[PDB]
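Participant:
Residue numbers (my numbering), protein chains in the order written: chain Y, 1 to 133; chain X, 134 to 266.
#1: Using a cut-off of 9 Å between C-beta atoms, extract the partners of residue 182(X) located in chain Y.
#2: List the residues of chain X whose Cβ lies closer than 9 Å to the Cβ of residue 100(Y), in chain order.
#3: Between which residues of its own chain and residue 194(X) is the CB-CB distance below 7 Å, once the five residues before and five after are set aside?
#4: Do residue 238(X) and residue 167(X) come within 7 Å of each other at the CB atom, strictly closer than that value?
#5: Looking only at C-alpha atoms, which of 79(Y), 24(Y), 52(Y) and 53(Y) sits nearest to residue 124(Y)?
#6: If residue 69(Y) sits next to residue 198(X), beta carbons under 8 Å apart, how far is it from one beta carbon to the other, in whole angstroms?
#7: Spatial neighbours of residue 19(Y) within its chain, please: C-beta separation below 7 Å, excluding the five flanking residues on both sides.
#8: Ignoring anything shorter than 4 residues or poking outside the segment 158–197 of chain X, list the alpha helix (DSSP H) runs there in chain order.
#9: Whose Cβ in chain X lies nearer than 9 Å to the Cβ of residue 80(Y)?
#10: By the 10 Å Cβ neighbour count, where 16 or more other Cβ atoms means buried, how is residue 12(Y) classified, buried or exposed?
#11: If you reduce the DSSP assignment to three classes, tell me which class residue 246(X) lands in.
Take a look at the structure:
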């Protein structure tokens, strides 16, 4: 929480590197299932295939929307796991995000990493009311 | 809210119909900026072209993921609105959500409509510390 977290979402290739590294990290952890690995697989694919539809220089606002797309996909992925596996996959991905950032840009962004954490918890929180009394 | 709600993503084209209706409803309201409108537009395109890549009947688990992807894109654009327009766009999308579903499947999908509302509120809430006493 030192200062401001700098989202690497400005260079699409650099950001895509994190997406690729996530799948590789998941593939070498084995905590995830065919569901998760294939959804994350098409996650990296979608980013790639949408870019090739646009060109070597797409509109930055689209990359903006890709930020939450990639993040939400991973969260949906993790939240699909059984209760016992959920914590394990979450822990794994939560670490994979950190590493992927360091391998992509060289520094760890917390903005994206944090967003995914809040996403995955929310997808796993079936509560429309504060059930705390 | 009334009982449970069966996700209308049992048919990808039926769901895609909502994606199209959302853009139309947003375009006809004009509450959203060109940025947010075009991102929602490419949201329809991304699902559209992704579907083609996966065939007339893509993997069921991928449709599961795509559910949250579409919702996240709408939530992001709403959460990227000005501080005074955020409430305006939010209300607009929430209204269009219901109508879109009713004109797409014939019923109001609570799961997706609720997901977007939770997403957008969280998406614009960057505060991981207790702001309350």
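Here a beta-carbon is modelled for each residue, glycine too, at the ideal position from N, C-alpha and C.
Facilitator: Answer, in terms of the structure:
#1: 49, 50 and 53
#2: In chain order: nothing, as chain X lies at least about 19 Å away.
#3: none
#4: no
#5: 79(Y)
#6: So it is not a contact: roughly 10 Å between Cβ atoms.
#7: 43, 44, 47 and 70
#8: 167–187
#9: 194, 197 and 198
#10: buried
#11: helix
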